[PDB]
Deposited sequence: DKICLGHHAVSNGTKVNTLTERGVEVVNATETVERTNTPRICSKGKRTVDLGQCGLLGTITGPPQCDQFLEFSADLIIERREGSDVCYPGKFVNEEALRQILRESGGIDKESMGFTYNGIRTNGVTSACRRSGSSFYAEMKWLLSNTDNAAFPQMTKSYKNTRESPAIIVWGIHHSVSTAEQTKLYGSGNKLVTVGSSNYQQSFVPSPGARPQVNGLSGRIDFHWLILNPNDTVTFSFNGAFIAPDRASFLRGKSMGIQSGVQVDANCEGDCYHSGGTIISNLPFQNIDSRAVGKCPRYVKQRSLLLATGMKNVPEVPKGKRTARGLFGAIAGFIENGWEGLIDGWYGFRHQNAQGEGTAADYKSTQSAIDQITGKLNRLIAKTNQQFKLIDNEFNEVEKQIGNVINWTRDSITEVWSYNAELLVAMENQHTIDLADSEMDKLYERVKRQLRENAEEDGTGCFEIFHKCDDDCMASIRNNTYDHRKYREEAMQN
């Protein structure tokens, strides 16, 4: 005598945020922000150099903790906390512009320069750079006088680039503890070290003075560096206090460099590296670390953003889900939408296939659109272990904190618009399934108001099956149902 219709519901829903409400209960939802990392470095398919105690700048000068790393070759370069560049006390000049070159180099190739020295002692060593006894750096030479006070002749040496890749030359200038020991090593008079190339003329000078003792010594060595282009030349003229190189340095290819504190994993495989592990996920957004390098998801401020993947949960815009149909059915477990007739034969519930699959195919089309990959690869511009310069370091924090505010706005605006459209999408599929059964069942039944029809003739289980499969012929029943 009557044929009703409704939708499915579950007892425990999930609260998502829509464009016009907060906390809307929905049948099913999906997290869209990654929060769990793998506490390892996943490097399947990448040859990997773990430096350890070797600093990143010890591969171009060669302290005794960088003997096995002078001519490395890898695609992933991992620096550590304890990495030191020097053994005799000193530092570089413009050390952060040089580390950004060597992280993307993919290795380094050393070739000899070939300087010959005469009337001069070259094997002056130090007590700090110890391999077996006392030694010095592995690729440079401590040039000092032969007689302890007499003289140091003025020298002039030259080198010429012959390859097609740019070179990295590094030299050193020695600042003694006093003038009383600068004479004890070199001689007298002013000391000049003129460094000349096509684009370089600086003429450095030592500066003896009292210093606090860094690990036993009171002198310093400052290392400088320039870059040759092909078919160019370099000239070093000096009359004392010079730390001459022996080998040049070249590049190999492309790589990346990360700064980590965890181990190296050879079976796992991921391409998003931060200082605490590896972010391996397909989600577009993440809330783990804002300084991650590689192909990574974007950093948001919010920790949880749920995406609705079902209709609204109504347990027991178009006005069907909690419109005139006031509750959902918990017995309907086959699909999303269904029929429940009631006649002289008894009761019986079905489920509709063409309307359930018309709603699932549009929800899955939204999930394939959001689960996508970023093709943009981000490098590493700041240094975690030691302190880039203060004025440009405030520009980097200002820019990163402004792009984070933009992406965390596009995150919650995308989701709240995507759940507003999803709830309205499954609301329209119930209003089209109501109006198909209405205009099929033309003049033989009336409407109740609760989303249920009341048919004016004897329509048994064979007859009610003619309405579900869209084969109801109203013309056979027309002349009898107009009596009622």
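Mapping the modelled residues onto the deposited sequence reveals one missing stretch, at 317 to 326.
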